[PDB]
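See below for the structure under consideration.
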Amino acid sequence: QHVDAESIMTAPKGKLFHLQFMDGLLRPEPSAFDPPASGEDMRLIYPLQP
Amino acid sequence: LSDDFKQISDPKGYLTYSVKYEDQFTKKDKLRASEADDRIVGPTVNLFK
(Lines give C-alpha, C1' and ligand atoms only; values in the text may rest on other atoms or scores of the structure.)
Protein backbone atom coordinates (compact mmCIF):
# COMPACT_ATOMS: atom_id res chain seq x y z
CA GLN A 1 0.00 0.00 0.00
CA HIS A 2 1.69 3.12 1.35
CA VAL A 3 -0.97 5.74 1.98
CA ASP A 4 1.05 8.62 0.56
CA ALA A 5 0.78 11.50 3.03
CA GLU A 6 -0.05 13.83 0.14
CA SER A 7 -3.59 12.68 0.73
CA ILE A 8 -3.74 11.06 4.12
CA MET A 9 -3.20 14.74 4.84
CA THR A 10 -5.69 16.28 2.35
CA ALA A 11 -8.43 14.20 0.78
CA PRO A 12 -12.22 14.60 1.18
CA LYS A 13 -13.53 14.48 4.75
CA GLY A 14 -15.15 11.16 3.88
CA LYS A 15 -12.79 8.83 1.94
CA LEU A 16 -12.03 5.67 3.86
CA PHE A 17 -8.38 4.76 3.12
CA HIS A 18 -7.10 1.41 4.16
CA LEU A 19 -3.69 2.04 5.65
CA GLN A 20 -1.89 -1.13 6.84
CA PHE A 21 0.55 -1.85 9.75
CA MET A 22 3.18 -4.62 9.79
CA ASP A 23 3.16 -7.37 12.45
CA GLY A 24 6.84 -7.87 13.23
CA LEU A 25 7.19 -10.60 15.81
CA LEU A 26 7.89 -13.49 13.48
CA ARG A 27 10.63 -11.41 11.92
CA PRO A 28 13.97 -13.18 11.22
CA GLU A 29 16.94 -12.05 13.37
CA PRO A 30 19.73 -11.11 10.85
CA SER A 31 22.61 -13.57 10.78
CA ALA A 32 24.85 -12.91 13.79
CA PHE A 33 27.81 -12.17 11.50
CA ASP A 34 26.83 -10.64 8.13
CA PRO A 35 27.69 -6.94 7.60
CA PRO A 36 24.99 -4.27 8.29
CA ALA A 37 22.80 -2.44 5.80
CA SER A 38 22.13 1.38 6.20
CA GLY A 39 18.70 2.96 5.90
CA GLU A 40 16.52 2.99 8.91
CA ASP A 41 13.00 2.24 7.77
CA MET A 42 10.25 4.12 9.45
CA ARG A 43 6.63 4.91 9.49
CA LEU A 44 5.16 8.37 9.58
CA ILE A 45 1.59 7.56 10.58
CA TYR A 46 0.51 5.73 13.72
CA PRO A 47 -3.01 4.72 14.63
CA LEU A 48 -4.19 6.94 17.44
CA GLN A 49 -6.09 4.17 19.25
CA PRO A 50 -5.45 0.51 20.17
CA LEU B 1 83.17 -17.48 -15.61
CA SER B 2 80.91 -19.18 -13.05
CA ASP B 3 77.39 -18.32 -14.24
CA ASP B 4 75.50 -19.19 -11.04
CA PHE B 5 72.77 -16.70 -10.24
CA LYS B 6 69.73 -15.93 -12.35
CA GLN B 7 68.30 -12.43 -12.38
CA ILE B 8 64.65 -11.84 -11.47
CA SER B 9 62.44 -8.85 -10.63
CA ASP B 10 59.66 -9.85 -8.20
CA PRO B 11 60.91 -12.85 -6.13
CA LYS B 12 58.60 -15.37 -4.50
CA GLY B 13 59.08 -16.94 -1.10
CA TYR B 14 58.97 -20.55 -0.06
CA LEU B 15 55.94 -19.54 1.99
CA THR B 16 52.70 -17.65 1.52
CA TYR B 17 49.23 -17.04 2.86
CA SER B 18 46.33 -19.31 1.97
CA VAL B 19 42.91 -18.17 3.03
CA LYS B 20 39.60 -19.98 2.71
CA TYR B 21 36.51 -17.78 2.48
CA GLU B 22 33.28 -18.72 4.17
CA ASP B 23 31.28 -17.84 1.04
CA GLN B 24 28.23 -16.81 3.06
CA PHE B 25 29.37 -13.25 3.43
CA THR B 26 32.27 -11.55 1.55
CA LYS B 27 30.11 -10.13 -1.29
CA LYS B 28 32.81 -10.83 -3.90
CA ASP B 29 32.58 -7.06 -4.43
CA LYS B 30 36.40 -7.09 -4.45
CA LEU B 31 36.56 -4.10 -2.07
CA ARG B 32 37.45 -0.79 -3.74
CA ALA B 33 39.68 1.45 -1.64
CA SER B 34 41.46 4.58 -2.98
CA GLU B 35 43.64 4.24 -6.08
CA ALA B 36 47.02 5.27 -4.71
CA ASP B 37 46.42 3.09 -1.71
CA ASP B 38 44.50 0.58 -3.54
CA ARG B 39 47.92 -0.26 -4.82
CA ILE B 40 49.72 -0.19 -1.61
CA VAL B 41 47.11 -1.92 0.50
CA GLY B 42 45.86 -3.35 -2.67
CA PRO B 43 46.21 -7.20 -2.37
CA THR B 44 46.32 -7.72 1.38
CA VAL B 45 42.85 -6.49 1.71
CA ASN B 46 41.54 -8.26 -1.37
CA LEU B 47 42.96 -11.45 0.08
CA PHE B 48 41.55 -10.74 3.55
CA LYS B 49 37.97 -10.23 2.44
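Each chain of the C-alpha coordinates is named A, B, ... in the order shown, its residues numbered from 1; ligands are numbered from 1 in display order.
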
List as JSON lines every residue of chain A that is in contact with chain B, defined as an atom at most 12 Å from one of its atoms (using only C-alpha atoms), together with the nearest atom pair and the distance in Å rounded to one decimal, sorted by chain and then rising number.
{"residue": "A:31", "atom": "CA", "partner": "B:25", "partner_atom": "CA", "distance": 10.0}
{"residue": "A:32", "atom": "CA", "partner": "B:25", "partner_atom": "CA", "distance": 11.3}
{"residue": "A:33", "atom": "CA", "partner": "B:25", "partner_atom": "CA", "distance": 8.3}
{"residue": "A:34", "atom": "CA", "partner": "B:25", "partner_atom": "CA", "distance": 5.9}
{"residue": "A:35", "atom": "CA", "partner": "B:25", "partner_atom": "CA", "distance": 7.7}
{"residue": "A:36", "atom": "CA", "partner": "B:25", "partner_atom": "CA", "distance": 11.1}

How would the residues just picked look written out with N, CA and C atoms as a PDB file, in the first residue's frame?
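Okay, this is what ended up in part.pdb:
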ATOM      1  N   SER A  31      21.476 -12.712  10.467  1.00  0.00           N
ATOM      2  CA  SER A  31      22.611 -13.572  10.779  1.00  0.00           C
ATOM      3  C   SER A  31      23.686 -12.910  11.627  1.00  0.00           C
ATOM      4  N   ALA A  32      23.882 -13.437  12.830  1.00  0.00           N
ATOM      5  CA  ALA A  32      24.847 -12.914  13.787  1.00  0.00           C
ATOM      6  C   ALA A  32      26.170 -12.374  13.258  1.00  0.00           C
ATOM      7  N   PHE A  33      26.548 -12.685  12.023  1.00  0.00           N
ATOM      8  CA  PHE A  33      27.813 -12.172  11.502  1.00  0.00           C
ATOM      9  C   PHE A  33      27.685 -11.154  10.385  1.00  0.00           C
ATOM     10  N   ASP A  34      27.018 -11.526   9.293  1.00  0.00           N
ATOM     11  CA  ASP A  34      26.832 -10.643   8.127  1.00  0.00           C
ATOM     12  C   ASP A  34      26.965  -9.135   8.397  1.00  0.00           C
ATOM     13  N   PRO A  35      27.525  -8.387   7.437  1.00  0.00           N
ATOM     14  CA  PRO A  35      27.694  -6.944   7.597  1.00  0.00           C
ATOM     15  C   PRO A  35      26.351  -6.235   7.458  1.00  0.00           C
ATOM     16  N   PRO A  36      26.163  -5.132   8.211  1.00  0.00           N
ATOM     17  CA  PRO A  36      24.987  -4.267   8.289  1.00  0.00           C
ATOM     18  C   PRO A  36      24.556  -3.681   6.969  1.00  0.00           C
TER      19      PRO A  36
END

*Give me, please, the distance in Å between atom CA of residue B:47 and atom CA of residue B:16, quoted to one decimal.*
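That distance, rounded to one decimal, is 11.6 Å.
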
_Among chain B, which ones does DSSP assign to helix (DSSP H, G or I) (computed from the backbone)? Answer as a PyMOL selection string._
chain B and resi 36-47

Dump of N, CA and C atoms for the selected residues, as a CSV table (one decimal), in the first residue's frame:
chain,number,residue,atom,x,y,z
B,36,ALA,N,45.6,5.2,-5.1
B,36,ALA,CA,47.0,5.3,-4.7
B,36,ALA,C,47.2,4.1,-3.7
B,37,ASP,N,46.3,4.1,-2.7
B,37,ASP,CA,46.4,3.1,-1.7
B,37,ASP,C,45.8,1.8,-2.2
B,38,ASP,N,45.0,1.9,-3.2
B,38,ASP,CA,44.5,0.6,-3.5
B,38,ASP,C,45.8,-0.1,-3.8
B,39,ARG,N,46.7,0.5,-4.6
B,39,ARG,CA,47.9,-0.3,-4.8
B,39,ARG,C,48.7,-0.6,-3.6
B,40,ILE,N,48.9,0.4,-2.7
B,40,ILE,CA,49.7,-0.2,-1.6
B,40,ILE,C,49.0,-1.3,-0.8
B,41,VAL,N,47.8,-1.0,-0.3
B,41,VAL,CA,47.1,-1.9,0.5
B,41,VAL,C,46.8,-3.0,-0.5
B,42,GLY,N,46.2,-2.5,-1.6
B,42,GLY,CA,45.9,-3.3,-2.7
B,42,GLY,C,45.5,-4.8,-2.4
B,43,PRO,N,46.4,-5.8,-2.6
B,43,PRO,CA,46.2,-7.2,-2.4
B,43,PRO,C,45.9,-7.7,-0.9
B,44,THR,N,46.6,-7.2,0.1
B,44,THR,CA,46.3,-7.7,1.4
B,44,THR,C,44.9,-7.7,1.7
B,45,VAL,N,44.2,-6.6,1.4
B,45,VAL,CA,42.9,-6.5,1.7
B,45,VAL,C,42.0,-7.4,0.8
B,46,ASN,N,42.3,-7.5,-0.4
B,46,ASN,CA,41.5,-8.3,-1.4
B,46,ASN,C,41.6,-9.7,-0.9
B,47,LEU,N,42.8,-10.1,-0.4
B,47,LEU,CA,43.0,-11.5,0.1
B,47,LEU,C,42.2,-11.6,1.4

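One finds atom CA of residue A:19 at 9.4 Å from atom CA of residue A:47.
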
_Can you measure atom CA of residue B:49 to atom CA of residue B:12 for me? One decimal in Å is fine._
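Separating atom CA of residue B:49 from atom CA of residue B:12 is a distance of 22.4 Å.
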
*In terms of the shortest atom-to-atom distance over only C-alpha atoms, which of A:30, A:14, A:9, A:22 is closest to residue A:42?*
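Checking each candidate against residue A:42, we get A:22 as the closest.
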